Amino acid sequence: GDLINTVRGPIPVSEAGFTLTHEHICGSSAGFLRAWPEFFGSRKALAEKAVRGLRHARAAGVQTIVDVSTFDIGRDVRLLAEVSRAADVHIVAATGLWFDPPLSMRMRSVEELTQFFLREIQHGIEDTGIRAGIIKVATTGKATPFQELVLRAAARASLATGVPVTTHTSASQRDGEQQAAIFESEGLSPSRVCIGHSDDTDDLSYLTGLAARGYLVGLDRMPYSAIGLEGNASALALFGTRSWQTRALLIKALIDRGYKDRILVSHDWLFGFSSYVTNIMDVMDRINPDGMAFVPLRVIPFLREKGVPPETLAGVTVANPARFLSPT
């Protein structure tokens, strides 16, 4: 009965299946893929790489990913549609703004930002008619004044449409608490909200505090680790020094504390990556050759071997996303 918008059109919520809720086809910038496709080798190479990756994830049991690339992550919805078709993996596109908005966005009011997010949800992205099924926002510490607007506009667009809101945080600085306060001041239900990059900290007081309030807790950087790369400053800074097993243990920690229905798991992976150092993609592909299959291939069995019941693992990877993505 319930429907979610994908880049290939509407699908029944029940067909979303095993869903990775924070992923990217390509992490880039507005206009960039159009202006400088050679940065990625070519558009064709980038698409082929993405299709091979999503097919690998599909073979591992992934049926849907949520591509949380916003306008300013250089989201290219035609690219998403082409790769979703070729790999036969659903992709839900995002609206919202991440932490690289250009001046034409930064100068906008909360009202004007709301109109923009609503356009992408209700009318379509660009001239494509492809509708966004989630709203992505971001802080990196205390919200800037503009980021406050963005979080408010995201709350208002969500209330209007029922589409959920997902966040980038600096987890170590406990951004979720301020994001939560702002969302609740707009009257948004915490069940419509996922506080992302929450596996970047082992602070369970912070994480259980959010979960107790009804937030979804996004443990979405599973394969990120610079262990063994500590001499590569840019890898260290982005990936951290905690192992994937350390990250995965948080899933179990939250389940053991009664919060199984409040967890979303993902990789934050990508197949192209121009908003960071050059050749960062090669470093990542060495760290995690399995790409977006890493969760089903490594994380889920690790949890199973620690005694997490299959029904609980299914609730986390299928029922939680379905509940989150269903417009409510």
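Quick note: we count residues from 1 along the sequence shown, nothing fancier.
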(request) Could you check the entry and say whether 91-99 or 169-177 has the higher mean CA B-factor? (result) 169-177
(request) Averaging only over Cα atoms, indicate whether 231-239 or 154-162 has the higher B-factor in the PDB entry. (result) 231-239
(message) Highest Cα temperature factor in the entry, among the options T128, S84, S104, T139: which one is it?
(response) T128
(request) Check the PDB entry and point out which of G27, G61, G53, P301 has the largest C-alpha temperature factor. (result) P301
(message) Could you place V283 in the lowest, middle or highest third of its chain by Cα temperature factor, using the values in the record?
(response) highest
(message) Quick check on the deposited entry: does the C-alpha B-factor of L249 sit in the lowest, middle or highest third of its chain?
(response) highest
(message) Considering every modelled residue of the chain and its Cα B-factor in the PDB entry, is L325 in the lowest, middle or highest third?
(response) lowest
(message) Going by the CA temperature factor in the PDB record, which third of the chain does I11 belong to: lowest, middle or highest?
(response) middle
(message) Looking at the temperature factor on the CA atom of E186, which third of the chain's modelled residues does it land in?
(response) highest
